[PDB]
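A.B. asks: The structure that follows is given in the form of structure tokens.
Each reported figure results from applying straightforward, stated rules to the coordinates on display, with no laboratory input. Heads up, the Cβs are rebuilt from the backbone with ideal geometry, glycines too, and the neighbour counts pull from every protein chain shown.
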Ligand SMILES: [Zn+2]
Ligand SMILES: [Zn+2]
Ligand SMILES: [Zn+2]
Ligand SMILES: [Zn+2]
């Protein structure tokens, strides 16, 4: 009603409201943030950092697919050129991508993209399959974050930065709108060997279920 | 010093400061936003919209590469499934990607990604080549936004949504940190034929240079 | 160089001395062309070859070929063909960091992990060949799970998926037993194939 | 079906009746294998075939093959080979919406636009062939602009890029004249090739 006009109007009064308050208008990035296209609170706000200090990639279900030229080159640029020492993979609750990933309907091109979430499901299927169906999505969102960190750590870019003695740590969090909190999923890597132990330990922890959701 | 701890600390007091102020913690998206990984003001703030109403993809130099599975499937999901009626490609000033695109140094994997900005440069090389070198980056950022809108409009996904009578409009803006304003680059498509005219008209307008920067 | 000028001579002399019905997804290592080992007439084969004959879910290149094959060319048979002594499969199994190609091969390594119990009670020298077969059945399964092939079946189109390995050692193709003409047949034969591969003969056991 | 059971028979009878030095980036339409038209010994060719023999800047599949070829296999020659009657090039030139494959072919269409003045003073029936040649020179140029090939040259590695078209009509390969052994030679021969193609003979003129 028209929605583009409202956006332009909101943009204008925003900028004018900022300039009224100070002189709000260089800064080098310190984290690479890999997040989900359908999350709704932004990283810069959620993490309450200075603007400019997050380098941000957002795709559906916040994935690091082994062969995705988009994300890979972003990671390569962050690490090799911008020399960012932290990559963070942030999932979130009530994630549309994960939901689209689990529902059977073919949605078209995007299903192909989401097939990597489905392999992950079937990888931890024994775990997810003894979980009551209505809770699966919440666990898959967590395990997804664990697997993408592991994926990131296995990329040739990251392994090589570790091999040549460059400082680089990988993190995997889930943002929960329900309390505003970032929650650690336990996979934290500064090396190939921290990657393996941390990931394995993380899946082991996730695999212990609340009695009220089992068979 | 440690930077991860500060982030967690900032996250906590943020969430606690929001809950103090109200009960800040469903909403369907209305725009697909395609933006740049190194821009620093977020879309949700910049456009001052309700959270949840932007579906956001961010990659380096805000590109829609014909064959990028990541962005394409995002666009396909937005249009075919979420039924978003507006895709916005937002570039910005002092864009690192464009700068990396123009500097000669091989930066590695990312140069391959940026080669599409370089083809664009050489496509409008006659224009950019009669511009004083120190201004080129600013024009290339604008022309880039024009070309990516055109790319979006030529994807099979968009053409098909137009063919079956679905409402879909494409926009191409540049965010200017220097005044907070979103500036229209002139390419605005609701159909294949609006795409062509609008794009052509846009390049023609961009090609008229300020006398003080020519030969 | 000489090599190149030799190439042209060889072609020039070869010239003087002288629609498709299948999509063939074979491997870039393989040494015997599909057209030769199948003895098919020139033009029957519409061919894609990549490293380790892969159908990666999100690879635009291969997915494009499949879509073009099925929706436009109206091909009714897609054959995925692995082979023995596959340098890709061997590369994927080494610890060595090879750069960009490693990221491509990580998909194979995920396969290795997926059937790691099976491969773990196998003899070291025989693992590459098992993984080569497992790989074939998995790419067929991957093909059958594309939106493209699923829409084709859904809409009633006659389409059949095949997974074969070509053994250099003797020139014979061997069907790996995952063969789909629908989504339900895909499930059944994929699972059957893995179950068949899981039953091990004494002189493959560690 | 019968077709398939026929395929195996043909292979079984063909069997009874019976490191690589080049990377070959050819097209999935082409009907004559590289190994045949070059008369090379089996295993000399390490092969990638996609639609319209493309080296798209950001295609992981093809870029992976090149990296593996150059950095690991240590191949010193990459040949890009277009051909006449290329169904991909024809597909790219039609107005018809073919689905996913169109997005793949948009890279060719960008090429068509790029040399649109040249193609615009050409006769309609002869355009596909001009675009096929232009396409070859452009993919070679694309290959020479990858970080992979540029690092290889930079670091002193012996690597040569080639761009040929194979004409079905008579079996002869014809060099398109863009041949690079370095970044500076790439520029010079690419530009030379386009300039050569731009000089038009009377019976190609509209
Ligand atoms: Zn999400
Ligand atoms: Zn930027
Ligand atoms: Zn092989
Ligand atoms: Zn062809």
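A.B. asks: How big is the shadow of the Cα convex hull of segment A:99-212, averaged over all directions, in nm²?
C.D. replies: On the way: hull surface 34.1 nm².
Answer in nm², one decimal: 8.5.
A.B. asks: Over the protein assembly as shown, what lengths in whole Å, largest first, do the semi-axes of the equivalent ellipsoid take, defined as the square roots of 5 times the eigenvalues of the alpha-carbon gyration tensor?
C.D. replies: Working: eigenvalues 349, 252, 119 Å².
Ellipsoid half-lengths, sorted descending, are 42, 35, 24 Å.
A.B. asks: Could you state the orientation-averaged shadow area of the convex hull built on the Cα atoms of chain B, in nm² to one decimal? Working shown, then result.
C.D. replies: Numbers: hull surface 60.2 nm².
Spelled out: convex hull of the Cα atoms, projected over all directions, averaged, 15.0 nm².
A.B. asks: For chain A, what is the percent of antiparallel DSSP beta bridges, rounded to the nearest 5?
C.D. replies: Numbers: 5 of 21 bridges.
Roughly 25 percent of the beta bridges in chain A run antiparallel, per DSSP.
A.B. asks: Quick check on the exposure proxy: order B:142, A:45, C:5 from fewest to most C-beta atoms within 10 angstrom. Walk me through the numbers before you get to the answer.
C.D. replies: Working: B:142 20, A:45 14, C:5 9.
Least crowded to most crowded, the residues run C:5, A:45, B:142.
A.B. asks: While we're on this one: Quickly estimate the mean residue ellipticity at 222 nm for the protein assembly as shown, helices only: each DSSP H run with n ≥ 4 gives -39500 (n - 2.57), and the total goes over all residues, rounded to 500.
C.D. replies: Working: 36 runs with 392 residues, N = 842.
Value at 222 nm, helices only: -14000 deg cm²/dmol.
A.B. asks: With no solvent and one point per C-alpha, what does the Debye sum give as log10 I(q)/I(0) for segment C:124-206 at q = 0.11, 0.13, 0.26 Å⁻¹?
C.D. replies: Reported log10 I(q)/I(0), two decimals: -0.34, -0.46, -1.24.
A.B. asks: With a ≥ b ≥ c taken as the square roots of the eigenvalues of the C-alpha gyration tensor of segment B:1-89, please select rounded if a/c is under 1.5 and otherwise prolate if a/b is larger than b/c or oblate if it is not? Don't jump to the answer; show the numbers that get you there.
C.D. replies: Working: a/c = 2.66, a/b = 1.54, b/c = 1.73.
Oblate, because a/c is 1.5 or more while a/b does not exceed b/c.
A.B. asks: Counting other beta carbons within 10 Å of each residue's own, what order do C:174, D:47, D:140 fall into, fewest first?
C.D. replies: So the ranking, lowest neighbour count to highest, is C:174, D:47, D:140.
A.B. asks: Among B:13, D:182, which comes first, second and so on when ranked by fewest other beta-carbon atoms within 10 Å?
C.D. replies: On the way: B:13 11, D:182 16.
By the 10 Å Cβ count, ascending, the order reads B:13, D:182.
A.B. asks: What does DSSP give for chain D in terms of the percent of beta bridges that are antiparallel, rounded to the nearest 5? Can you show the working numbers first?
C.D. replies: On the way: 5 of 21 bridges.
Of the beta bridges lying entirely in chain D, close to 25 percent run antiparallel.
A.B. asks: Could you calculate the FRET efficiency of residue B:201 with residue B:163 from 1/(1 + (r/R0)^6), where r is the beta carbon distance between them and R0 is 22 Å, rounded to 0.05?
C.D. replies: Efficiency for this residue pair is about 0.40.
A.B. asks: Further question on the same structure: For segment C:37-108, what's the radius of gyration and Dmax over Cα atoms, in angstrom?
C.D. replies: 14.5, 42
A.B. asks: For the protein assembly as shown, give the share of DSSP beta bridges that are antiparallel, in percent and rounded to the nearest 5; count only bridges with both residues there. If you can, show how the numbers build up before the last one.
C.D. replies: Numbers: 22 of 86 bridges.
Looking only at bridges with both residues in the protein assembly as shown, the antiparallel portion is about 25 percent.
A.B. asks: Still on this model: In square nanometres and to one decimal, what's the mean projected area of the convex hull around the Cα atoms of segment C:84-149?
C.D. replies: Numbers: hull surface 20.1 nm².
Convex hull of Cα atoms, orientation-averaged projection: 5.0 nm².
A.B. asks: Hey, could you get me the Stokes-Einstein D for chain C, Kirkwood radius over alpha-carbon pairs, 25 °C and 0.890 mPa s, rounded to whole µm² s⁻¹? Provide the component values of the computation, followed by the final result.
C.D. replies: Values: Rh = 18.2 Å.
Estimated via Stokes-Einstein, D reaches 135 µm²/s.
A.B. asks: Same structure again: Can I get the semi-axes of segment A:80-128's equivalent ellipsoid? Compute them from the C-alpha gyration tensor as square roots of 5 times the eigenvalues, in angstrom, largest first.
C.D. replies: 27, 15, 12
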